[PDB]
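*Asks:* Sending over a structure as structure tokens; questions will come in a sec.
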2 protein chains.
Amino acid sequence: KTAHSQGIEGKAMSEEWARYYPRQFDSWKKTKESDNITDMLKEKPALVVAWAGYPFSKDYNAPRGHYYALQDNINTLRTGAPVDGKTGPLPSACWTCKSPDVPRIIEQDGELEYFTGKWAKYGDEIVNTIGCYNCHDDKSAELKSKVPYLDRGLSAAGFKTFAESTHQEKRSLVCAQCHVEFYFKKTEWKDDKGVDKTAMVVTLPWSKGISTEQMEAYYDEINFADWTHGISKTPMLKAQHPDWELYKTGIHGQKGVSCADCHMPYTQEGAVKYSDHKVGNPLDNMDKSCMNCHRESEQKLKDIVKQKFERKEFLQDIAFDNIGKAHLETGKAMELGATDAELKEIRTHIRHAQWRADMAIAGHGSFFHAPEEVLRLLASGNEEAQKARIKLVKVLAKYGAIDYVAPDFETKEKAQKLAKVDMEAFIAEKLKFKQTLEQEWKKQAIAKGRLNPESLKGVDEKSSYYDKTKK
Amino acid sequence: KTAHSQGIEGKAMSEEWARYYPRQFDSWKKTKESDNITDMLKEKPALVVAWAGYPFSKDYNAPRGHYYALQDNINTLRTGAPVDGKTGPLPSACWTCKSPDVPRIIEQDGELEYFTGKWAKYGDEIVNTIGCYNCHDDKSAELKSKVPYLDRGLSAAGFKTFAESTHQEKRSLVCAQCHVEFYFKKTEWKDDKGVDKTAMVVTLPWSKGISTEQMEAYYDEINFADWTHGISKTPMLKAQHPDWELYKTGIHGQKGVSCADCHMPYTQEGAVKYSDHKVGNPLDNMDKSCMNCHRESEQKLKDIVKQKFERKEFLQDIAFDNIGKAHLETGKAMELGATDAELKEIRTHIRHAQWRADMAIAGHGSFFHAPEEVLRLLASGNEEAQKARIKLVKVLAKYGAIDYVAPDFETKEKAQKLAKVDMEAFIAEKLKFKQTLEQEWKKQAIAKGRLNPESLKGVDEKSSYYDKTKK
Ligand code: HEM
Ligand code: HEM
Ligand code: HEM
Ligand code: HEM
Ligand code: HEM
Ligand code: HEM
Ligand code: HEM
Ligand code: HEM
Ligand code: HEM
Ligand code: HEM
Ligand SMILES: [Ca+2]
Ligand SMILES: [Ca+2]
Ligand SMILES: [Y+2]
Ligand SMILES: [Y+2]
Ligand SMILES: [Y+2]
Ligand SMILES: [Y+2]
Ligand SMILES: [Y+2]
Ligand SMILES: [Y+2]
Ligand SMILES: [Y+2]
């Protein structure tokens, strides 16, 4: 048994676990050190054209430490500027993978209620970032999935559930609670008091399997779209960080090496080993992360990883350039009077092209976790985009525009103008939200004892649109 | 020292080495067991369109055992039907990687003379297949490169020469005498008796490095073409089995694992280890070839290799389909009156597309030796082909043919009709050569003591155009 066998009062606040587990708590907090904001729309402005009409065209940054997850959810322009609990663009589901308060609220309101309403609904309740309670039972400290959609997805794909899995499988599945592709399923229900309500429920599209092509077939069968493209009017699918799904295609996943083997390696003390809880870049500490299994030099292994990154970059830039041109050429054909019927096959190719290429790139470690699948997916996506473009030349010709040259989108600014994103406006609106309602959320949470101000130290120094200078 | 320190009389006949090295001789001869003819034009008829105007559009099969190398050189339709030493389509250089008689003849006539004249010039001299003398010194039995163009290539690429290399490097370089990409450099010279002569000299295009892109730059700088495409009139480059060059890109090559580690593994006897000389498929004997370094099951490792093959097939079929369509669409634009100036950029894209895709596929183990580079090359080649095709739509439109559909080439027969290859004719001509001059070559060689009839057992049972039923 543990020293807390009856459970932990205030379990959602990770600081409550420190009295039992100071070493894990200390390493866990050090994800504070990974504070860099890499603006992916600035680095890869093609992505802005790809996501025209969708919030990712406003703000999309690379992942940083878990310490920043909740605050980054609040800061992103994607969550907009609510004025109260009933406003703002996005739903409650946007908290789900950000906070140990999520399982707390599900365990209290129920899953459907939690998934009902606006993101802003829970601003003064969901206030702790990725914590011990997201991954551990507060009585036994055993690894646990705390979200019901993971087992749902596992079963649908023919996998064992979390409870049915081996320990080594659990050492990846805990991460898969969050590090997976998902969509929101509109779900009608009726509450305790008989009121009809609509939830938007996190759902893993895994019932045909976890390959990119199986998920594409799933989404096509249910005629699903995440949005209608703001330029080409294609019914689009958004990939989100399919980290676990791609990791399963790759040699390490095939061999049985878990997420935790590289990202939470064991550290040394006799009978008292412990797991490094500073989840970050395994290349920072290769002796702990790789050199237990590898006999090459660290430098040769790092050079190999760099090569993989460069291969992915090469194919990523080609795919998204053709995807971007295809969207723009479709928009031009629409301007000239091309019909939906004339554009249907083209739009199908664009949807598929971008689904495949986004699934390849949306997991930021996939270029390493599953290099060969990433390259094959980028190649396949590019081919779909080029099939669209070949068909588009003939549509453009039909309407007298065979010599049309799609505009360039080589800077974020130029791309956002094509996507009709008024950043200035969104940022100004966001700042006013942060200055008012967000501060009310934090004050109320602290007053109620849901939030410890210690957790906020340096948490809000940077976003893609400000930098006070260090997190 | 060896038991043959003064050298071996008749060294080019491998059977002369048997008295010293019965175990190596016995295993070496067992490449007889790899007798399958896989007709690659039947399997991948797109290749026929790709090679229209070039001998590979007639006959191209997968590699089989070394035991068949010389006979396969004679059988292939590519070497045609000489009637004497001054006829036939191909040059003397075509023997170079087929026979221990090659170093013998170079050591006697000189390199330039050897490289001067027709393939048929040496039909009654070059009569032994890949032998001990291709890889070993006949005094010391040490590993030796016997062909001068390898060191030339190594130096040009900044590599150490064979003599300067480590033992483990030599255990790949011996193979690289043959298992490399090459071209024939037209070389004017004057002989002993002052006669002007023209050699066609095997040359490795490595002076900018050994990557596919570096070789493409090399060939472009010297304005080289292997042939003018029979359909698109593009100045084409042919890739030939760049096995070693690609192997160097791959993780095993990067780690230092040699060709011989997998293909000529050590076998067990105490102080008397020996190397398995039956060069073939390492997957036939995984315990000898892989399981010394790998802890996964054999079956899991084989399943992984199958996955790599399937990825390569997927991308290969896409690339060559678009390459084939691009050649055919160019031919149609030419028929309509398109000018060379109008087609110049297109033809450049086709040349590059096919160079990259052929370099990816022409090494039949590359999908395993360097999987990620193979996928990246197929992706890059496909992109070049699709750039050509997009430009072609506009040329076709200019000439009133925007709705043109390039013909299908899904069978060898259909593809060869598009390529204007009269197989029947070539085969009939070939059989008459085999029935007459080839038999004269063999009879003369046996009479002169250059050829042992024992070496011919079952060697000529199969080609792509006959099968007496077993080799
Ligand atoms: C042991 C399992 C896990 C692994 C190996 C893992 C891995 C990672 C890595 C490497 C990063 C980026 C860190 C950096 O850039 O330095 C990250 C960020 C992130 N992870 Fe995890 N993670 C795990 C569990 C989870 C869980 C359970 C959740 C959800 C409750 C989650 C949600 C996130 C979020 C939202 C971010 C982005 C943080 C931000 O940018 O502010 N992860 N994770
Ligand atoms: C649409 C509602 C959501 C919003 C607004 C949101 C917001 C964010 C933000 C701002 C980031 C940091 C990187 C970035 O700037 O994009 C992030 C990263 C991340 N989120 Fe979410 N999130 C949402 C839904 C989800 C869900 C439902 C999950 C779990 C199933 C999840 C898991 C993660 C993970 C694992 C990362 C780090 C990996 C990466 O960004 O590639 N997110 N999210
Ligand atoms: C400060 C908060 C946390 C505390 C106090 C805590 C505590 C512990 C303890 C006591 C162990 C077993 C001993 C060890 O291997 O170190 C452990 C291991 C582990 N924890 Fe945590 N943990 C925390 C946060 C997290 C989070 C957020 C995750 C998921 C993203 C996580 C995932 C894991 C994993 C995968 C192991 C390895 C388990 C095994 O191999 O048996 N931990 N942690
Ligand atoms: C971040 C740390 C690591 C790095 C940089 C790394 C690097 C690599 C690379 C480059 C490969 C070749 C596969 C490919 O094409 O991608 C590989 C394969 C492999 N790695 Fe790792 N690795 C790491 C961690 C580990 C760990 C912790 C283990 C053991 C638990 C491991 C065991 C293996 C195994 C079993 C293979 C398959 C090839 C074989 O059987 O040797 N690796 N790794
Ligand atoms: C599903 C299990 C895993 C998850 C959820 C996961 C999570 C992640 C994430 C989110 C990233 C991107 C971080 C960023 O760009 O900010 C990443 C990168 C990476 N991961 Fe994992 N990982 C998993 C398995 C593994 C394994 C098994 C290994 C080692 C064999 C590994 C080694 C790495 C490496 C070397 C990087 C790239 C670091 C760099 O190049 O900067 N990961 N991982
Ligand atoms: C130890 C170094 C070498 C390795 C690892 C190697 C590997 C191979 C392999 C695996 C095959 C196909 C075997 C099969 O399908 O069963 C092959 C065929 C071939 N090899 Fe090598 N080889 C080596 C040395 C050489 C040398 C030195 C030459 C030139 C003198 C050469 C020329 C050829 C030729 C012409 C074929 C095709 C035979 C035919 O299809 O009739 N190889 N080699
Ligand atoms: C143009 C003159 C040549 C001809 C007619 C010729 C003929 C052949 C034939 C018939 C094969 C069996 C596979 C097939 O059907 O294509 C073969 C395979 C092979 N040849 Fe040649 N060859 C020539 C030049 C060379 C040269 C100069 C080298 C060495 C630098 C070489 C090395 C090899 C190797 C290593 C193979 C087995 C690998 C593979 O086919 O992918 N060949 N050759
Ligand atoms: C029947 C003809 C041959 C004979 C009698 C012969 C003889 C030998 C001998 C005595 C050794 C050293 C002992 C051993 O490792 O087994 C050896 C090794 C070797 N031979 Fe051969 N060999 C023949 C054909 C070839 C050919 C055609 C090649 C090249 C394609 C070749 C390449 C090698 C290699 C790479 C080694 C390993 C050398 C080392 O690791 O030190 N052999 N052979
Ligand atoms: C035909 C036999 C073999 C097979 C099927 C095989 C399979 C593999 C595979 C699938 C990988 C992952 C790299 C990739 O993405 O392609 C790999 C990597 C690797 N293999 Fe092999 N291999 C074989 C022979 C060998 C041998 C003989 C050695 C040792 C002399 C070796 C040592 C390695 C090493 C060092 C790596 C890099 C990853 C690591 O450091 O573990 N392999 N092999
Ligand atoms: C430059 C050095 C090497 C050469 C010249 C070479 C030669 C070849 C050739 C010509 C093939 C195609 C045979 C055919 O399709 O008929 C092949 C396939 C293959 N080679 Fe190599 N090889 C080399 C290095 C290696 C190494 C280091 C390994 C092991 C790590 C290896 C393992 C294999 C495997 C597994 C196949 C595929 C067999 C199959 O899927 O049927 N090779 N090799
Ligand atoms: Ca999605
Ligand atoms: Ca060539
Ligand atoms: Y407490
Ligand atoms: Y990061
Ligand atoms: Y070290
Ligand atoms: Y790989
Ligand atoms: Y003798
Ligand atoms: Y073969
Ligand atoms: Y075994």
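Each chain in the structure tokens gets a letter, A, B and so on, in the order shown; residues start at 1 in every chain, and ligands are counted from 1 in the order they appear.
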Identify, on the basis of only C-alpha atoms, every residue whose closest approach to range 382-399 of chain B does not exceed 9 Å; exclude the query and any residue fewer than 5 positions from it along the same chain; express the result as a PyMOL selection string.
*Replies:* (chain A and resi 318+379+382-383+386-387+389-390+393-394+397+402-403) or (chain B and resi 315-316+318-326+329-330+332-333+336-338+342-343+345-354+356-357+377+404)
*Asks:* Using only C-alpha atoms and all ligand atoms, tabulate the residues of chain A lying at most 10 Å from any atom of ligand 9, each with its closest atom pair and that distance in Å to one decimal, by chain and increasing residue number, as a tab-separated table.
*Replies:*
residue	atom	partner	partner_atom_place_in_ligand_line	distance
A:250	CA	ligand 9	15 (O)	8.5
A:251	CA	ligand 9	12 (C)	6.7
A:252	CA	ligand 9	12 (C)	8.9
A:290	CA	ligand 9	40 (O)	9.5
A:291	CA	ligand 9	40 (O)	9.4
A:293	CA	ligand 9	41 (O)	7.1
A:294	CA	ligand 9	40 (O)	5.0
A:295	CA	ligand 9	40 (O)	6.2
A:296	CA	ligand 9	40 (O)	6.3
A:297	CA	ligand 9	40 (O)	9.7
A:301	CA	ligand 9	40 (O)	8.3
A:370	CA	ligand 9	15 (O)	9.0
A:371	CA	ligand 9	15 (O)	8.0
A:372	CA	ligand 9	15 (O)	7.4
*Asks:* Produce a file of the selected residues containing C-alpha atoms, as a PDB file, in the first residue's frame.
*Replies:*
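Saved as result35.pdb:
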ATOM      1  CA  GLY A 250       7.633   2.888 -36.094  1.00  0.00           C
ATOM      2  CA  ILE A 251      10.434   0.492 -35.254  1.00  0.00           C
ATOM      3  CA  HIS A 252      10.720   1.523 -31.613  1.00  0.00           C
ATOM      4  CA  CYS A 290      19.207   6.077 -25.661  1.00  0.00           C
ATOM      5  CA  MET A 291      22.646   4.831 -24.675  1.00  0.00           C
ATOM      6  CA  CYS A 293      20.197   0.348 -25.843  1.00  0.00           C
ATOM      7  CA  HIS A 294      22.584   1.875 -28.331  1.00  0.00           C
ATOM      8  CA  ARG A 295      26.292   1.291 -28.849  1.00  0.00           C
ATOM      9  CA  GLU A 296      26.959   4.057 -31.398  1.00  0.00           C
ATOM     10  CA  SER A 297      28.372   7.352 -30.226  1.00  0.00           C
ATOM     11  CA  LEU A 301      23.051   9.010 -33.224  1.00  0.00           C
ATOM     12  CA  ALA A 370       8.107   6.605 -37.395  1.00  0.00           C
ATOM     13  CA  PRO A 371      10.395   8.120 -40.087  1.00  0.00           C
ATOM     14  CA  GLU A 372       9.465   5.834 -42.935  1.00  0.00           C
TER      15      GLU A 372
END
*Asks:* Ligand 2: which residues are within 6 Å, counting only C-alpha atoms and all ligand atoms, as a PyMOL selection string?
*Replies:* chain A and resi 60-63+72-73+76+78-79+93-94+96-97+178-180+182+202+241+362-364
*Asks:* Please produce a file of the residues just selected, as a PDB file, in the first residue's frame, where the atoms kept are C-alpha atoms.
*Replies:*
ATOM      1  CA  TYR A  60      -0.166  27.551 -33.900  1.00  0.00           C
ATOM      2  CA  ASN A  61       3.064  26.976 -31.974  1.00  0.00           C
ATOM      3  CA  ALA A  62       5.267  23.953 -31.292  1.00  0.00           C
ATOM      4  CA  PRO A  63       4.771  22.085 -28.028  1.00  0.00           C
ATOM      5  CA  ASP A  72      -0.962  27.934 -23.514  1.00  0.00           C
ATOM      6  CA  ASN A  73      -4.575  26.773 -23.899  1.00  0.00           C
ATOM      7  CA  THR A  76      -3.643  30.722 -27.858  1.00  0.00           C
ATOM      8  CA  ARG A  78      -7.602  29.812 -31.107  1.00  0.00           C
ATOM      9  CA  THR A  79      -9.614  30.060 -27.841  1.00  0.00           C
ATOM     10  CA  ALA A  93     -13.664  19.872 -24.806  1.00  0.00           C
ATOM     11  CA  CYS A  94     -10.654  22.173 -25.373  1.00  0.00           C
ATOM     12  CA  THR A  96      -9.609  17.977 -21.802  1.00  0.00           C
ATOM     13  CA  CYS A  97      -5.919  17.340 -22.372  1.00  0.00           C
ATOM     14  CA  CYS A 178      -3.634  13.206 -24.820  1.00  0.00           C
ATOM     15  CA  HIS A 179      -1.042  12.543 -27.481  1.00  0.00           C
ATOM     16  CA  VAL A 180      -3.510  11.261 -30.093  1.00  0.00           C
ATOM     17  CA  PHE A 182      -9.238  13.258 -32.127  1.00  0.00           C
ATOM     18  CA  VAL A 202     -13.721  14.012 -27.683  1.00  0.00           C
ATOM     19  CA  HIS A 241      -0.768  15.404 -32.789  1.00  0.00           C
ATOM     20  CA  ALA A 362       1.157  17.197 -36.748  1.00  0.00           C
ATOM     21  CA  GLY A 363       3.061  14.832 -34.446  1.00  0.00           C
ATOM     22  CA  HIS A 364       6.241  16.813 -33.904  1.00  0.00           C
TER      23      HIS A 364
END
*Asks:* Please provide the set of residues having any atom within 7 Å of range 21-30 of chain B, restricted to only C-alpha atoms, with same-chain residues fewer than 6 positions apart removed, written as a PyMOL selection string.
*Replies:* chain B and resi 67+276-278
*Asks:* The selected residues should be written to file as a compact mmCIF listing (two decimals), in the first residue's frame (atoms: N, CA, C and O atoms).
*Replies:*
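Heads up, here's the output in again_19.txt:
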# COMPACT_ATOMS: atom_id res chain seq x y z
N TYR B 67 26.70 -17.35 -60.01
CA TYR B 67 26.96 -18.50 -60.88
C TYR B 67 26.44 -18.23 -62.31
O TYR B 67 26.98 -18.75 -63.30
N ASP B 276 30.84 -17.73 -45.37
CA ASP B 276 29.90 -18.35 -46.28
C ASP B 276 30.01 -17.61 -47.62
O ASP B 276 29.72 -16.40 -47.71
N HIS B 277 30.42 -18.32 -48.67
CA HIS B 277 30.62 -17.68 -49.98
C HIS B 277 29.38 -17.77 -50.89
O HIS B 277 29.42 -17.31 -52.03
N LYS B 278 28.29 -18.34 -50.37
CA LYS B 278 27.04 -18.42 -51.13
C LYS B 278 26.35 -17.08 -50.97
O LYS B 278 25.48 -16.88 -50.11
*Asks:* Extract the full set of helix (DSSP H, G or I) residues from range 185-380 of chain A according to DSSP on the backbone, and format it as a PyMOL selection string.
*Replies:* chain A and resi 212-221+243-247+251-255+259-263+282-289+298-336+340-361+366-369+371-380
*Asks:* May I have the residues within 9 Å of ligand 18, computed using only C-alpha atoms and all ligand atoms, as a PDB file with N, CA, C and O atoms, in the first residue's frame?
*Replies:*
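This is the output file pocket18.pdb:
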ATOM      1  N   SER B  34      20.453 -20.114 -56.681  1.00  0.00           N
ATOM      2  CA  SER B  34      19.624 -18.931 -56.904  1.00  0.00           C
ATOM      3  C   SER B  34      19.444 -18.775 -58.398  1.00  0.00           C
ATOM      4  O   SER B  34      20.148 -18.002 -59.042  1.00  0.00           O
ATOM      5  N   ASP B  35      18.545 -19.556 -58.956  1.00  0.00           N
ATOM      6  CA  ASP B  35      18.420 -19.616 -60.406  1.00  0.00           C
ATOM      7  C   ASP B  35      17.168 -18.955 -60.969  1.00  0.00           C
ATOM      8  O   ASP B  35      16.923 -19.051 -62.177  1.00  0.00           O
ATOM      9  N   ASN B  36      16.389 -18.294 -60.119  1.00  0.00           N
ATOM     10  CA  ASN B  36      15.119 -17.747 -60.601  1.00  0.00           C
ATOM     11  C   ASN B  36      15.329 -16.549 -61.492  1.00  0.00           C
ATOM     12  O   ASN B  36      16.158 -15.687 -61.190  1.00  0.00           O
ATOM     13  N   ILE B  37      14.592 -16.547 -62.599  1.00  0.00           N
ATOM     14  CA  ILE B  37      14.501 -15.381 -63.476  1.00  0.00           C
ATOM     15  C   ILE B  37      13.179 -14.652 -63.172  1.00  0.00           C
ATOM     16  O   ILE B  37      12.071 -15.178 -63.422  1.00  0.00           O
ATOM     17  N   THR B  38      13.291 -13.446 -62.609  1.00  0.00           N
ATOM     18  CA  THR B  38      12.109 -12.585 -62.432  1.00  0.00           C
ATOM     19  C   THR B  38      12.218 -11.507 -63.491  1.00  0.00           C
ATOM     20  O   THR B  38      13.171 -10.723 -63.501  1.00  0.00           O
ATOM     21  N   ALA B  62      15.563  -9.331 -62.621  1.00  0.00           N
ATOM     22  CA  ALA B  62      16.169  -9.159 -61.298  1.00  0.00           C
ATOM     23  C   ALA B  62      17.454  -9.953 -61.215  1.00  0.00           C
ATOM     24  O   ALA B  62      17.623 -10.908 -61.978  1.00  0.00           O
ATOM     25  N   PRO B  63      18.323  -9.595 -60.274  1.00  0.00           N
ATOM     26  CA  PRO B  63      19.593 -10.323 -60.152  1.00  0.00           C
ATOM     27  C   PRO B  63      19.332 -11.751 -59.672  1.00  0.00           C
ATOM     28  O   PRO B  63      18.372 -11.999 -58.893  1.00  0.00           O
ATOM     29  N   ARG B  64      20.173 -12.684 -60.108  1.00  0.00           N
ATOM     30  CA  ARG B  64      20.151 -14.019 -59.521  1.00  0.00           C
ATOM     31  C   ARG B  64      21.581 -14.369 -59.121  1.00  0.00           C
ATOM     32  O   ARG B  64      22.424 -13.457 -59.046  1.00  0.00           O
ATOM     33  N   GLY B  65      21.869 -15.649 -58.848  1.00  0.00           N
ATOM     34  CA  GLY B  65      23.177 -15.974 -58.282  1.00  0.00           C
ATOM     35  C   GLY B  65      24.371 -15.623 -59.148  1.00  0.00           C
ATOM     36  O   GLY B  65      24.282 -15.680 -60.390  1.00  0.00           O
ATOM     37  N   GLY B 280      23.786 -14.481 -51.427  1.00  0.00           N
ATOM     38  CA  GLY B 280      22.357 -14.586 -51.800  1.00  0.00           C
ATOM     39  C   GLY B 280      21.480 -13.711 -50.926  1.00  0.00           C
ATOM     40  O   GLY B 280      21.842 -12.577 -50.644  1.00  0.00           O
ATOM     41  N   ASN B 281      20.333 -14.246 -50.506  1.00  0.00           N
ATOM     42  CA  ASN B 281      19.390 -13.516 -49.683  1.00  0.00           C
ATOM     43  C   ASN B 281      19.681 -13.763 -48.195  1.00  0.00           C
ATOM     44  O   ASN B 281      19.475 -14.872 -47.705  1.00  0.00           O
ATOM     45  N   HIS B 364      18.405  -3.338 -56.008  1.00  0.00           N
ATOM     46  CA  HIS B 364      17.238  -4.135 -55.609  1.00  0.00           C
ATOM     47  C   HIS B 364      17.146  -4.389 -54.104  1.00  0.00           C
ATOM     48  O   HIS B 364      16.102  -4.853 -53.612  1.00  0.00           O
TER      49      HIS B 364
END
*Asks:* Quick one, how far is atom 6 (C, counted along the ligand's line) of ligand 3 from CA of residue 456 in chain A?
*Replies:*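 Result for atom 6 (C, counted along the ligand's line) of ligand 3 versus CA of residue 456 in chain A: 19.7 Å, one decimal.
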*Asks:* For the contact check between chain A and ligand 13, emit one row per residue of chain A within 9 Å, containing the shortest atom pair and the distance in Å rounded to one decimal, counting only C-alpha atoms and all ligand atoms, chain then rising number order, as JSON lines.
*Replies:*
{"residue": "A:8", "atom": "CA", "partner": "ligand 13", "partner_atom_place_in_ligand_line": "1 (Y)", "distance": 6.9}
{"residue": "A:9", "atom": "CA", "partner": "ligand 13", "partner_atom_place_in_ligand_line": "1 (Y)", "distance": 6.1}
{"residue": "A:10", "atom": "CA", "partner": "ligand 13", "partner_atom_place_in_ligand_line": "1 (Y)", "distance": 7.0}
{"residue": "A:11", "atom": "CA", "partner": "ligand 13", "partner_atom_place_in_ligand_line": "1 (Y)", "distance": 8.5}
{"residue": "A:15", "atom": "CA", "partner": "ligand 13", "partner_atom_place_in_ligand_line": "1 (Y)", "distance": 8.2}
{"residue": "A:16", "atom": "CA", "partner": "ligand 13", "partner_atom_place_in_ligand_line": "1 (Y)", "distance": 4.9}
{"residue": "A:17", "atom": "CA", "partner": "ligand 13", "partner_atom_place_in_ligand_line": "1 (Y)", "distance": 7.3}
{"residue": "A:18", "atom": "CA", "partner": "ligand 13", "partner_atom_place_in_ligand_line": "1 (Y)", "distance": 8.6}
{"residue": "A:19", "atom": "CA", "partner": "ligand 13", "partner_atom_place_in_ligand_line": "1 (Y)", "distance": 7.3}
*Asks:* Between A:152, A:470, A:146, A:327, which one has atoms that come closest to residue 409 in chain A, using only C-alpha atoms?
*Replies:*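 Using only C-alpha atoms, the shortest distance to residue 409 in chain A belongs to A:327.
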*Asks:* Would you work out the distance separating CA of residue 418 in chain B from CA of residue 341 in chain B, expressed in Å to one decimal?
*Replies:*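 We find that CA of residue 418 in chain B and CA of residue 341 in chain B lie 24.7 Å from each other.
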